[PDB]
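Structure, as structure tokens:
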Amino acid sequence: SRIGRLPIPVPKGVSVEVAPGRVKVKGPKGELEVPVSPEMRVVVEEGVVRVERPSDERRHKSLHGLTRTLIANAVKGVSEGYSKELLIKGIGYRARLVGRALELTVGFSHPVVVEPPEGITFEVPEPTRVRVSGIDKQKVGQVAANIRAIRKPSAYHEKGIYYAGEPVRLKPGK
Amino acid sequence: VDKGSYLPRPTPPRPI
Amino acid sequence: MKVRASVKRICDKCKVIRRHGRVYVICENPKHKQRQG
Amino acid sequence: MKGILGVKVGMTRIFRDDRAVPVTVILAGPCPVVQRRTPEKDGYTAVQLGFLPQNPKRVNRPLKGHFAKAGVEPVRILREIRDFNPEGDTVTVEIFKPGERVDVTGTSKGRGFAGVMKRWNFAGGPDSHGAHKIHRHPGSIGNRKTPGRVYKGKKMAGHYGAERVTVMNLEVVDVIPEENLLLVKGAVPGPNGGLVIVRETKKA
Amino acid sequence: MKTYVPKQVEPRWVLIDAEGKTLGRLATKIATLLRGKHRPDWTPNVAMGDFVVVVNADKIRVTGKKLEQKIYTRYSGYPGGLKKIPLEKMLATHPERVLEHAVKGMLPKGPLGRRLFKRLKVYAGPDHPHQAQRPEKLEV
RNA sequence: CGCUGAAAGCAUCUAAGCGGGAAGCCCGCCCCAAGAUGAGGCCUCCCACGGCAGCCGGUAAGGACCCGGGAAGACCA
RNA sequence: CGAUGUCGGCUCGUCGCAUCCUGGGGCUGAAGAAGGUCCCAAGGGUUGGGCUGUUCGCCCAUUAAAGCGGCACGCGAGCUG
RNA sequence: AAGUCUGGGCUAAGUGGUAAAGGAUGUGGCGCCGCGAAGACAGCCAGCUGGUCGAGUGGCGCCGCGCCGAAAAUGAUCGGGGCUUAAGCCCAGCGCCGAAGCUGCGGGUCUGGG
Ligand SMILES: [Mg+2]
Ligand SMILES: [Mg+2]
Ligand SMILES: [Mg+2]
Ligand SMILES: [Mg+2]
Ligand SMILES: [Mg+2]
Ligand SMILES: [Mg+2]
Ligand SMILES: [Mg+2]
Ligand SMILES: [Mg+2]
Ligand SMILES: [Mg+2]
Ligand SMILES: [Mg+2]
Ligand SMILES: [Mg+2]
Ligand SMILES: [Mg+2]
Ligand SMILES: [Mg+2]
Ligand SMILES: [Mg+2]
Ligand SMILES: [Mg+2]
Ligand SMILES: [Mg+2]
Ligand SMILES: [Mg+2]
Ligand SMILES: [Mg+2]
Ligand SMILES: [Mg+2]
Ligand SMILES: [Mg+2]
Ligand SMILES: [Mg+2]
Ligand SMILES: [Mg+2]
Ligand SMILES: [Mg+2]
Ligand SMILES: [Mg+2]
Ligand SMILES: [Mg+2]
Ligand SMILES: [Mg+2]
Ligand SMILES: [Mg+2]
Ligand SMILES: [Mg+2]
Ligand SMILES: [Mg+2]
Ligand SMILES: [Mg+2]
Ligand SMILES: [Mg+2]
Ligand SMILES: [Mg+2]
Ligand SMILES: [Mg+2]
Ligand SMILES: [Mg+2]
Ligand SMILES: [Mg+2]
Ligand SMILES: [Mg+2]
Ligand SMILES: [Mg+2]
Ligand SMILES: [Mg+2]
Ligand SMILES: [Mg+2]
Ligand SMILES: [Mg+2]
Ligand SMILES: [Mg+2]
Ligand SMILES: [Mg+2]
Ligand SMILES: [Mg+2]
Ligand SMILES: [Mg+2]
Ligand SMILES: [Mg+2]
Ligand SMILES: [Mg+2]
Ligand SMILES: [Mg+2]
Ligand SMILES: [Mg+2]
Ligand SMILES: [Mg+2]
Ligand SMILES: [Mg+2]
Ligand SMILES: [Mg+2]
Ligand SMILES: [Mg+2]
Ligand SMILES: [Mg+2]
Ligand SMILES: [Mg+2]
Ligand SMILES: [Mg+2]
Ligand SMILES: [Mg+2]
Ligand SMILES: [Mg+2]
Ligand SMILES: [Mg+2]
Ligand SMILES: [Mg+2]
Ligand SMILES: [Mg+2]
Ligand SMILES: [Mg+2]
Ligand SMILES: [Mg+2]
Ligand SMILES: [Mg+2]
Ligand SMILES: [Mg+2]
Ligand SMILES: [Mg+2]
Ligand SMILES: [Mg+2]
Ligand SMILES: [Mg+2]
Ligand SMILES: [Mg+2]
Ligand SMILES: [Mg+2]
Ligand SMILES: [Mg+2]
Ligand SMILES: [Mg+2]
Ligand SMILES: [Mg+2]
Ligand SMILES: [Mg+2]
Ligand SMILES: [Mg+2]
Ligand SMILES: [Mg+2]
Ligand SMILES: [Mg+2]
Ligand SMILES: [Mg+2]
Ligand SMILES: [Mg+2]
Ligand SMILES: [Mg+2]
Ligand SMILES: [Mg+2]
Ligand SMILES: [Mg+2]
Ligand SMILES: [Mg+2]
Ligand SMILES: [Mg+2]
Ligand SMILES: [Mg+2]
Ligand SMILES: [Mg+2]
Ligand SMILES: [Mg+2]
Ligand SMILES: [Mg+2]
Ligand SMILES: [Mg+2]
Ligand SMILES: [Mg+2]
Ligand SMILES: [Mg+2]
Ligand SMILES: [Mg+2]
Ligand SMILES: [Mg+2]
Ligand SMILES: [Mg+2]
Ligand SMILES: [Mg+2]
Ligand SMILES: [Mg+2]
Ligand SMILES: [Mg+2]
Ligand SMILES: [Mg+2]
Ligand SMILES: [Mg+2]
Ligand SMILES: [Mg+2]
Ligand SMILES: [Mg+2]
Ligand SMILES: [Mg+2]
Ligand SMILES: [Mg+2]
Ligand SMILES: [Mg+2]
Ligand SMILES: [Mg+2]
Ligand SMILES: [Mg+2]
Ligand SMILES: [Mg+2]
Ligand SMILES: [Mg+2]
Ligand SMILES: [Mg+2]
Ligand SMILES: [Mg+2]
Ligand SMILES: [Mg+2]
Ligand SMILES: [Mg+2]
Ligand SMILES: [Mg+2]
Ligand SMILES: [Mg+2]
Ligand SMILES: [Mg+2]
Ligand SMILES: [Mg+2]
Ligand SMILES: [Mg+2]
Ligand SMILES: [Mg+2]
Ligand SMILES: [Mg+2]
Ligand SMILES: [Mg+2]
Ligand SMILES: [Mg+2]
Ligand SMILES: [Mg+2]
Ligand SMILES: [Mg+2]
Ligand SMILES: [Mg+2]
Ligand SMILES: [Mg+2]
Ligand SMILES: [Mg+2]
Ligand SMILES: [Mg+2]
Ligand SMILES: [Mg+2]
Ligand SMILES: [Mg+2]
Ligand SMILES: [Mg+2]
Ligand SMILES: [Mg+2]
Ligand SMILES: [Mg+2]
Ligand SMILES: [Mg+2]
Ligand SMILES: [Mg+2]
Ligand SMILES: [Mg+2]
Ligand SMILES: [Mg+2]
Ligand SMILES: [Mg+2]
Ligand SMILES: [Mg+2]
Ligand SMILES: [Mg+2]
Ligand SMILES: [Mg+2]
Ligand SMILES: [Mg+2]
Ligand SMILES: [Zn+2]
């Protein structure tokens, strides 16, 4: 029944410097800063980071959980890193890499070229699976979402750009 | 829409 | 989306959420999606 | 951005790929830069261009001074082109090649006191069926007690023409540098012998 | 005995750092200084208040959601000529006008109030061109 | 419509934060515009006049009057 | 009531939005196309005719569409009658 | 013109500064049961019981203040500016300002008593 006061395991060897309103998390895969409410106090313990809240009113409880998870994701970010996988279902539909860039061939009159932003890597194993990877979790999920929006799953046919592990709910056709 | 007619059709006078 | 002055839960899987000053009802079933207005 | 001053000389059509094409001929060159406007000095970027030679008998001392500081013969017309800085000290028609598109500004022909029909294409009145001395009249100019007034900008009779007009995106059909001549496709504001400005178009 | 009425005095110039201050609560004081009601010899029918120089007026602060909700309004006299500009945009485009509008509305209407408004010198950024007058730093 | 995400171990477009998104809104195009009395700016020209922030007078740079006109125009401009 | 000229047309518009079209959406008993229904949106647009004094309405031929209202049932020191 | 007055509290809508049935995990405050260290609620591994987690958790009622419901015609606005531990709202105070009311000073006239 709580998230903020659950302690954050910090792997070896990633560091956590603490500033007012932000924390920096460096590690084997890069560094990224986490902006944090000045009302919250993060704490640097042995091999572990904790977050404490100044009271038990509403805004403070809400900020608590958020802050803890925010930093936990940063920690896992620079160590394990983040990824999301995309399934490309549909006959003519395929993907390939062109340099760092991703080329979606998905039923339009043209192919669509997605450029990886800073801190983001594209991978194409099969021509029907795409891997979005980077140390920033919200950035990975965003880009993944971006890629999917190019051709969202059809409502009547198993066709388009799918999340790995997203179910294929369909409606009957005529 | 046709309703009443609250004034007669007018005509100009002659001061002097 | 249905836009009504009375937004209610339609099925046990409906969910009354509130974002941006407005009362929504979102759900697994797209037909049950409501916004108060 | 690039531009030149010129005079409107007249209209013709020429033949180009078995097609007749209406042109307006413009004498544009040659225009000496006589002052440059700079961000440190004036706050913006432009080039003051002179045009047409003037009898120094008619050019007063304050004007003489301006010319002299530029080392330029007395000219009849000074006019600027914003965001234009030619590497040269003289601007000619050669800045425009055929196929380029241009914006031409001139001073439209003046109709003086124009009726509401010529000016604003009002329908005027009927010419029979009882119409009473209102054949070229504008009709109502308002409402009643509310708002009990006439809007600003009400189209009404008044002066018309002899005002700055710009027609945009005209094809450069030819340029004849040895006669300082520019051929532009279509119609250009103003009368023959009228001062005009030719600028590189702003359309794409 | 009749009430003292002052002869013309050398007006005082004044400097205010607007940074971080609340728009209306600052304006209130700027007006008072303008009317010169801080002066014990106040006279209502002459300009005898201070000259007020304000800096960092782009860094004025405001409460609630007024950045997105406060609307400044302008009618041009033409049909449909009511233009609407939010605080956020006014700060982005003409930040000094924010503090200028607030103060102006808290000055008397009429010939004198207009004069008192002209004795108000507002600037975005920390610098002002009136060191020549050597304005006295005010804490408000 | 989303990303990330607590309160509320799940979930949540939101309470921290970040995206996408209209012929519409702000710029951008065209025209007016410093009486914008908040009367802006640059280039150039004249200049240190005689009399007892004022006055009378003669000039400088320049302006007007008058005339020949004008795809400018009711007069005026 | 020591006068606030009254329908309709014409001329000229201007505003509202409960939107007729065009733009953006959600749900669909949405396969596609084409519809339904609700949400956002007032920038622009919204035809020519037959009948009747008509407003309205019906009809013809089209249209992206042929929107509904306010302005003294907008407008007779503007016209018609 | 006179308090950016003092002390407790609520509101986050510019509510205050135009409205109803009704709808809502808005926020604060009370109340009542249900369920749980014999291990509940949530999630991860089974079939309403089982296993590791180690606390609280789920429904009901009243109260304060807010949210939606909320479309109309020239240009907007709480009178304006502007106001968010207030310059809003509830409770309790101290002080001030404020009329041709009342007081002080002078005068007029009538009436009544000297
Ligand atoms: Mg194809
Ligand atoms: Mg769809
Ligand atoms: Mg079927
Ligand atoms: Mg009647
Ligand atoms: Mg609906
Ligand atoms: Mg219902
Ligand atoms: Mg139910
Ligand atoms: Mg939003
Ligand atoms: Mg759901
Ligand atoms: Mg430039
Ligand atoms: Mg010109
Ligand atoms: Mg005419
Ligand atoms: Mg005419
Ligand atoms: Mg004529
Ligand atoms: Mg004509
Ligand atoms: Mg015309
Ligand atoms: Mg015509
Ligand atoms: Mg006509
Ligand atoms: Mg006609
Ligand atoms: Mg005609
Ligand atoms: Mg007649
Ligand atoms: Mg006639
Ligand atoms: Mg009108
Ligand atoms: Mg009026
Ligand atoms: Mg006008
Ligand atoms: Mg003219
Ligand atoms: Mg073309
Ligand atoms: Mg404050
Ligand atoms: Mg202050
Ligand atoms: Mg003070
Ligand atoms: Mg503040
Ligand atoms: Mg704000
Ligand atoms: Mg108007
Ligand atoms: Mg307009
Ligand atoms: Mg409009
Ligand atoms: Mg409007
Ligand atoms: Mg306007
Ligand atoms: Mg406009
Ligand atoms: Mg007053
Ligand atoms: Mg989702
Ligand atoms: Mg998520
Ligand atoms: Mg989560
Ligand atoms: Mg979680
Ligand atoms: Mg937010
Ligand atoms: Mg909030
Ligand atoms: Mg956004
Ligand atoms: Mg997206
Ligand atoms: Mg268009
Ligand atoms: Mg000008
Ligand atoms: Mg101009
Ligand atoms: Mg000027
Ligand atoms: Mg000018
Ligand atoms: Mg002037
Ligand atoms: Mg002004
Ligand atoms: Mg300037
Ligand atoms: Mg000037
Ligand atoms: Mg300048
Ligand atoms: Mg110059
Ligand atoms: Mg001398
Ligand atoms: Mg001299
Ligand atoms: Mg002397
Ligand atoms: Mg003199
Ligand atoms: Mg002379
Ligand atoms: Mg002449
Ligand atoms: Mg003449
Ligand atoms: Mg003419
Ligand atoms: Mg003359
Ligand atoms: Mg009467
Ligand atoms: Mg009379
Ligand atoms: Mg009378
Ligand atoms: Mg009468
Ligand atoms: Mg009358
Ligand atoms: Mg007709
Ligand atoms: Mg007519
Ligand atoms: Mg007609
Ligand atoms: Mg109107
Ligand atoms: Mg209308
Ligand atoms: Mg309006
Ligand atoms: Mg409706
Ligand atoms: Mg219809
Ligand atoms: Mg559409
Ligand atoms: Mg539409
Ligand atoms: Mg649609
Ligand atoms: Mg169907
Ligand atoms: Mg079908
Ligand atoms: Mg379709
Ligand atoms: Mg639809
Ligand atoms: Mg309908
Ligand atoms: Mg609407
Ligand atoms: Mg519209
Ligand atoms: Mg309209
Ligand atoms: Mg017709
Ligand atoms: Mg007919
Ligand atoms: Mg009819
Ligand atoms: Mg009518
Ligand atoms: Mg009808
Ligand atoms: Mg009928
Ligand atoms: Mg019938
Ligand atoms: Mg059609
Ligand atoms: Mg259609
Ligand atoms: Mg029709
Ligand atoms: Mg209809
Ligand atoms: Mg209509
Ligand atoms: Mg009406
Ligand atoms: Mg009437
Ligand atoms: Mg009526
Ligand atoms: Mg009428
Ligand atoms: Mg009525
Ligand atoms: Mg009508
Ligand atoms: Mg009408
Ligand atoms: Mg009338
Ligand atoms: Mg009338
Ligand atoms: Mg008449
Ligand atoms: Mg009539
Ligand atoms: Mg009248
Ligand atoms: Mg206080
Ligand atoms: Mg206080
Ligand atoms: Mg207090
Ligand atoms: Mg609200
Ligand atoms: Mg309010
Ligand atoms: Mg309100
Ligand atoms: Mg209410
Ligand atoms: Mg109610
Ligand atoms: Mg209720
Ligand atoms: Mg409660
Ligand atoms: Mg127990
Ligand atoms: Mg369990
Ligand atoms: Mg509201
Ligand atoms: Mg409305
Ligand atoms: Mg509306
Ligand atoms: Mg209204
Ligand atoms: Mg209204
Ligand atoms: Mg309205
Ligand atoms: Mg309105
Ligand atoms: Mg208090
Ligand atoms: Mg008395
Ligand atoms: Mg007495
Ligand atoms: Mg007495
Ligand atoms: Mg008596
Ligand atoms: Mg006696
Ligand atoms: Zn449901």
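Here's how to read the names in the structure tokens: chain A, B, ... by the order shown, residue numbers from 1 in each chain, ligand numbers from 1 in the order shown.
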
Can you tell me which residues sit at most 12 Å away from ligand 123, counting only C-alpha atoms (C1' of nucleotides) and all ligand atoms, written as a ChimeraX atom specification? /H:19-23,66-69

Go ahead and save the picked residues with N, CA and C atoms (P, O5', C5', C4', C3', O3' and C1' of nucleotides), as a PDB file, in the first residue's frame.
```pdb
ATOM      1  P     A H  19     -25.683  31.605 -10.305  1.00  0.00           P
ATOM      2  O5'   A H  19     -26.943  30.627 -10.357  1.00  0.00           O
ATOM      3  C5'   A H  19     -28.256  31.087 -10.066  1.00  0.00           C
ATOM      4  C4'   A H  19     -29.297  30.254 -10.776  1.00  0.00           C
ATOM      5  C3'   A H  19     -28.998  28.768 -10.871  1.00  0.00           C
ATOM      6  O3'   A H  19     -29.429  28.089  -9.716  1.00  0.00           O
ATOM      7  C1'   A H  19     -29.761  29.604 -12.965  1.00  0.00           C
ATOM      8  P     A H  20     -28.810  26.669  -9.314  1.00  0.00           P
ATOM      9  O5'   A H  20     -29.924  25.635  -9.785  1.00  0.00           O
ATOM     10  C5'   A H  20     -31.261  25.759  -9.327  1.00  0.00           C
ATOM     11  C4'   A H  20     -32.171  24.742  -9.965  1.00  0.00           C
ATOM     12  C3'   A H  20     -31.653  23.316 -10.011  1.00  0.00           C
ATOM     13  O3'   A H  20     -31.791  22.612  -8.797  1.00  0.00           O
ATOM     14  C1'   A H  20     -32.459  23.891 -12.127  1.00  0.00           C
ATOM     15  P     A H  21     -30.853  21.343  -8.528  1.00  0.00           P
ATOM     16  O5'   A H  21     -31.673  20.112  -9.123  1.00  0.00           O
ATOM     17  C5'   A H  21     -33.012  19.836  -8.729  1.00  0.00           C
ATOM     18  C4'   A H  21     -33.750  19.031  -9.778  1.00  0.00           C
ATOM     19  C3'   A H  21     -33.263  17.611 -10.024  1.00  0.00           C
ATOM     20  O3'   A H  21     -33.848  16.687  -9.129  1.00  0.00           O
ATOM     21  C1'   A H  21     -33.503  18.725 -12.089  1.00  0.00           C
ATOM     22  P     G H  22     -32.945  15.843  -8.115  1.00  0.00           P
ATOM     23  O5'   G H  22     -31.772  15.271  -9.016  1.00  0.00           O
ATOM     24  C5'   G H  22     -32.006  14.175  -9.872  1.00  0.00           C
ATOM     25  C4'   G H  22     -31.094  14.206 -11.068  1.00  0.00           C
ATOM     26  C3'   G H  22     -29.686  13.711 -10.834  1.00  0.00           C
ATOM     27  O3'   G H  22     -29.618  12.307 -10.820  1.00  0.00           O
ATOM     28  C1'   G H  22     -29.609  15.701 -12.082  1.00  0.00           C
ATOM     29  P     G H  23     -28.535  11.576  -9.910  1.00  0.00           P
ATOM     30  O5'   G H  23     -27.160  11.798 -10.679  1.00  0.00           O
ATOM     31  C5'   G H  23     -26.980  11.309 -11.996  1.00  0.00           C
ATOM     32  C4'   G H  23     -25.687  11.782 -12.603  1.00  0.00           C
ATOM     33  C3'   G H  23     -24.428  11.548 -11.800  1.00  0.00           C
ATOM     34  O3'   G H  23     -23.978  10.207 -11.841  1.00  0.00           O
ATOM     35  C1'   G H  23     -24.394  13.734 -12.649  1.00  0.00           C
ATOM     36  P     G H  66     -18.923  28.236  -2.581  1.00  0.00           P
ATOM     37  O5'   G H  66     -17.684  27.940  -3.533  1.00  0.00           O
ATOM     38  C5'   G H  66     -17.875  27.315  -4.783  1.00  0.00           C
ATOM     39  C4'   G H  66     -16.691  26.481  -5.174  1.00  0.00           C
ATOM     40  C3'   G H  66     -16.834  25.766  -6.504  1.00  0.00           C
ATOM     41  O3'   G H  66     -16.506  26.590  -7.605  1.00  0.00           O
ATOM     42  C1'   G H  66     -16.139  24.223  -4.868  1.00  0.00           C
ATOM     43  P     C H  67     -17.173  26.321  -9.037  1.00  0.00           P
ATOM     44  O5'   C H  67     -16.918  24.772  -9.330  1.00  0.00           O
ATOM     45  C5'   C H  67     -15.684  24.309  -9.854  1.00  0.00           C
ATOM     46  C4'   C H  67     -15.848  23.059 -10.685  1.00  0.00           C
ATOM     47  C3'   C H  67     -16.960  23.070 -11.712  1.00  0.00           C
ATOM     48  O3'   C H  67     -16.631  23.787 -12.885  1.00  0.00           O
ATOM     49  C1'   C H  67     -16.984  21.015 -10.544  1.00  0.00           C
ATOM     50  P     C H  68     -17.794  24.522 -13.713  1.00  0.00           P
ATOM     51  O5'   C H  68     -18.531  23.334 -14.478  1.00  0.00           O
ATOM     52  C5'   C H  68     -17.836  22.498 -15.395  1.00  0.00           C
ATOM     53  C4'   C H  68     -18.623  21.257 -15.726  1.00  0.00           C
ATOM     54  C3'   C H  68     -19.965  21.478 -16.395  1.00  0.00           C
ATOM     55  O3'   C H  68     -19.844  21.685 -17.787  1.00  0.00           O
ATOM     56  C1'   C H  68     -20.181  19.877 -14.663  1.00  0.00           C
ATOM     57  P     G H  69     -20.728  22.810 -18.504  1.00  0.00           P
ATOM     58  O5'   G H  69     -22.211  22.261 -18.369  1.00  0.00           O
ATOM     59  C5'   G H  69     -22.600  21.051 -19.001  1.00  0.00           C
ATOM     60  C4'   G H  69     -23.942  20.583 -18.505  1.00  0.00           C
ATOM     61  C3'   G H  69     -25.069  21.590 -18.628  1.00  0.00           C
ATOM     62  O3'   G H  69     -25.650  21.559 -19.912  1.00  0.00           O
ATOM     63  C1'   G H  69     -25.066  20.649 -16.455  1.00  0.00           C
TER      64        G H  69
END
```

Neighbours of ligand 45 at 12 Å or closer, counting only C-alpha atoms (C1' of nucleotides) and all ligand atoms: which residues, as a PyMOL selection string? (chain A and resi 58-59+62) or (chain C and resi 18-21) or (chain E and resi 64-65) or (chain F and resi 14-16) or (chain H and resi 12-13+26-27)

Output the selection as a PDB file, in the first residue's frame - C-alpha atoms (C1' of nucleotides) for each residue.
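The result, written out as part15.pdb:
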```pdb
ATOM      1  CA  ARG A  58      -2.773  15.099  -0.408  1.00  0.00           C
ATOM      2  CA  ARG A  59      -0.299  16.926  -2.677  1.00  0.00           C
ATOM      3  CA  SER A  62       0.951  12.328  -4.574  1.00  0.00           C
TER       4      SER A  62
ATOM      5  CA  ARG C  18     -11.496  13.184 -13.870  1.00  0.00           C
ATOM      6  CA  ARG C  19      -9.050  15.064 -16.051  1.00  0.00           C
ATOM      7  CA  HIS C  20      -8.755  18.809 -16.731  1.00  0.00           C
ATOM      8  CA  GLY C  21     -11.741  20.042 -14.762  1.00  0.00           C
TER       9      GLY C  21
ATOM     10  CA  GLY E  64      -3.438  31.684 -10.093  1.00  0.00           C
ATOM     11  CA  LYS E  65      -3.770  30.746 -13.752  1.00  0.00           C
TER      12      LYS E  65
ATOM     13  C1'   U F  14      -2.456  14.869 -14.855  1.00  0.00           C
ATOM     14  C1'   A F  15      -2.290  15.772  -9.548  1.00  0.00           C
ATOM     15  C1'   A F  16       4.868  17.070 -11.104  1.00  0.00           C
TER      16        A F  16
ATOM     17  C1'   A H  12      -7.906  26.747  -6.375  1.00  0.00           C
ATOM     18  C1'   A H  13     -13.120  27.705  -9.559  1.00  0.00           C
ATOM     19  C1'   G H  26     -12.939  17.757  -6.409  1.00  0.00           C
ATOM     20  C1'   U H  27     -11.479  19.068  -1.423  1.00  0.00           C
TER      21        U H  27
END
```

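Atom 1 (Mg, counted along the ligand's line) of ligand 62 is positioned 7.4 Å from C1' of residue 58 in chain F.
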
Please extract the residues at most 9 Å from ligand 117, counting only C-alpha atoms (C1' of nucleotides) and all ligand atoms, and provide them as number ranges by chain, using the chain letters and residue numbers of this document. H: 4, 85-86

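The helix (DSSP H, G or I) portion of range 60-203 of chain D consists of residues 61, 62, 63, 64, 65, 66, 67, 68, 69, 70, 93, 94, 95, 116, 117, 118, 119, 120, 177, 178 and 179 of chain D, with states taken from DSSP on the backbone.
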
Output the contact residues of chain E with respect to chain H at a cut-off of 9 Å, based on only C-alpha atoms (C1' of nucleotides), as JSON, numbers by chain. {"E": [23, 24, 25, 27, 28, 63, 64, 65, 66, 69, 70, 73, 74, 75, 76, 77, 79, 80, 81, 82, 101, 102, 103, 104, 105, 106, 107]}

Could you please take those selected residues and save C-alpha atoms as a compact mmCIF listing (two decimals), in the first residue's frame?
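Saved result, result_2.txt, follows:
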```txt
# COMPACT_ATOMS: atom_id res chain seq x y z
CA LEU E 23 1.68 42.59 -10.52
CA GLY E 24 -1.20 44.33 -8.78
CA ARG E 25 0.32 44.66 -5.36
CA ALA E 27 1.17 48.64 -9.15
CA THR E 28 -0.75 49.89 -6.15
CA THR E 63 -0.86 34.26 -9.05
CA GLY E 64 -3.44 31.68 -10.09
CA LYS E 65 -3.77 30.75 -13.75
CA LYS E 66 -3.63 34.31 -15.01
CA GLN E 69 -6.54 33.28 -18.45
CA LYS E 70 -5.97 37.02 -18.02
CA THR E 73 -8.56 43.60 -24.74
CA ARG E 74 -8.59 46.20 -27.57
CA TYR E 75 -11.43 47.60 -29.72
CA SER E 76 -10.46 49.28 -33.00
CA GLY E 77 -13.73 51.01 -33.88
CA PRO E 79 -16.82 45.85 -37.06
CA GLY E 80 -15.53 42.74 -35.29
CA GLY E 81 -12.54 44.77 -34.15
CA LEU E 82 -12.19 43.37 -30.63
CA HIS E 101 -1.65 48.81 -18.00
CA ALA E 102 -2.05 47.79 -14.37
CA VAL E 103 -0.69 51.10 -13.08
CA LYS E 104 -2.63 53.25 -15.55
CA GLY E 105 -5.95 51.84 -14.39
CA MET E 106 -5.12 52.78 -10.82
CA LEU E 107 -4.45 56.41 -11.74
```

Residue 64 in chain G: which residues within 10 Å, counting only C-alpha atoms (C1' of nucleotides), same-chain residues fewer than 6 positions away excluded, as a PyMOL selection string? chain G and resi 21-22+45-46

Surrounding residues of range 8-18 of chain D excluding itself and chain neighbours under 4 positions, 12 Å, only C-alpha atoms (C1' of nucleotides), as number ranges by chain: D: 22-28, 104-108, 173-174, 180-198

Please check which protein, DNA or RNA residues sit within 10 Å of ligand 17, counting only C-alpha atoms (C1' of nucleotides) and all ligand atoms, and write them as a PyMOL selection string. chain D and resi 117-123

Nearest to chain G: which of E:72, E:78, E:13, E:51 is it, counting only C-alpha atoms (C1' of nucleotides)? E:78

8 Å shell around ligand 74 using only C-alpha atoms (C1' of nucleotides) and all ligand atoms, listed as a ChimeraX atom specification: /D:124-126,131,134-135,139 /G:10-11,79-80
